[PDB]
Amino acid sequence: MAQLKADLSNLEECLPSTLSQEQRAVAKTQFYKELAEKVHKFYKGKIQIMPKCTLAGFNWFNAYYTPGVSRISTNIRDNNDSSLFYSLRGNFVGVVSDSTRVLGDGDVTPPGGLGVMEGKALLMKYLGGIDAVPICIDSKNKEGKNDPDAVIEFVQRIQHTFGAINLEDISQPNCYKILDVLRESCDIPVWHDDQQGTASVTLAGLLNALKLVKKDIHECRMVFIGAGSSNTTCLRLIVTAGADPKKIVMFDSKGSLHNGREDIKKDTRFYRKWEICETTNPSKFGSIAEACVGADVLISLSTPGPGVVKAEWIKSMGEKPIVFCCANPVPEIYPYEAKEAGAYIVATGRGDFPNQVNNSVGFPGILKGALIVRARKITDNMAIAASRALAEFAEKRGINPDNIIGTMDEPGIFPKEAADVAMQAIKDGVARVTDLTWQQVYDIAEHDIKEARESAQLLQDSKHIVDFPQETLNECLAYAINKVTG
């Protein structure tokens, strides 16, 4: 009977009432997987390059090209900073990955990260008014090992094209060295989305969840399952934001993190883990299950599910448990099971369940802010300033257990983030532009965003972007429904 609308807004209604809750969840994930396959091929990707300058007539090329363009090359040679306003550089972000950790799918090979990086680049334009491209590279050295110095050298060479570097999907602990070095060696800001960007949105999420459960951040026990770059960065911001590290426990694959973890202390590449080891889990919990009894908050970024976070764990938590399970493409548990177990607030990293806690609602504002005041780097306080803007944006339009965080469907989030991030950067002493107010940044970010969204809509109404075929949609739903019944 039911048929998807072109805007996909009625997917829930098109899934037969006969499916179980695990069948709806698995069908949702199969639909979007099969649809991704079809849509990417239909349009041959997701982004394109366009003029943004007047093409009124042939002779404009004499100013864009020879002979006129020569003044640009000499102006830049003599004053490198003018590359920021004479070329797209000022608004141009490289989305650099070696594809070693592309979502929960792992090392997907060097071109393998294109779908994800191209999606980041798309969201940067449409959400953030930022021009960005995917830069998927091979970081393998001559011995066939993915090598942090290969990526460091690369970015140092390519920095001159860009206004910021946005590292993505790089396995740990390479990603720490890559970022720790680049961030101080480059003349443009470099950061790792998976680090402060995930951490930023995770905090923003927790901030509002804590207002809805009426607890103070400092009194809350919190369990962190998985100890990769996202989770370690989340814990760090959460503590800076007022959480008591003594009430916190993190787990890697070998057990809990604590004083006695000599395996972690001796390998300094894992210094972020080792700091957590020195400062949290004073009780040295041996198991997740013990750690969760009474816990207030469970934050997971581990192996893709099903069944990695256990219903029993959640059942044993305190009053109005907050559960974030953000592994991709499949969360550690589906939201219907966690609510069955008693969770009051459940978040995942995907857009097809409520409460999407995903850096896509953080990077565009963090990046745009940093670009506008030319911040030298992305500081933790900047990241936190964006956590606050996002949490406050959502609160001020209404929040509840099934809507705790700003969504990708609310463009207003991003100039708010950009202006707060910009002022924090001036405050932290890392901005090179200091002559702009909160309002002036907001206005710049707002305009670029509106201009980006109106251009792209115009190109859709006119059918330079062709409508996707109704029939391929019908085919993706049948495909999804067949997988979970047949």
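One-based numbering along the sequence shown.
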ask   = If you average the CA temperature factors over each stretch, which comes out higher, 362-370 or 338-346?
value = 338-346
key: 194-202 or 304-312, whichever carries the higher mean Cα B-factor   = 304-312
query = Of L114, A375, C277, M124, which one's C-alpha B factor is largest in the deposited record?
reply = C277
Maximum C-alpha temperature factor, selected from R71, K120, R397, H258 = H258
note = Here the Cα B-factor of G286, set against its chain, lands in the third termed highest
remark   = Tertile call for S455 (CA temperature factor, within chain, third-based) is the lowest
request  = Among all modelled residues of this chain, ranked by Cα B factor, put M408 in the bottom, middle or top third, i.e. lowest, middle or highest.
outcome  = lowest
task = Give the position of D428 by CA B-factor within its chain, expressed as the lowest, middle or highest third.
result = middle
task = State the tercile, meaning the lowest, middle or highest third, of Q356 with respect to the CA B-factors recorded for its chain.
result = lowest
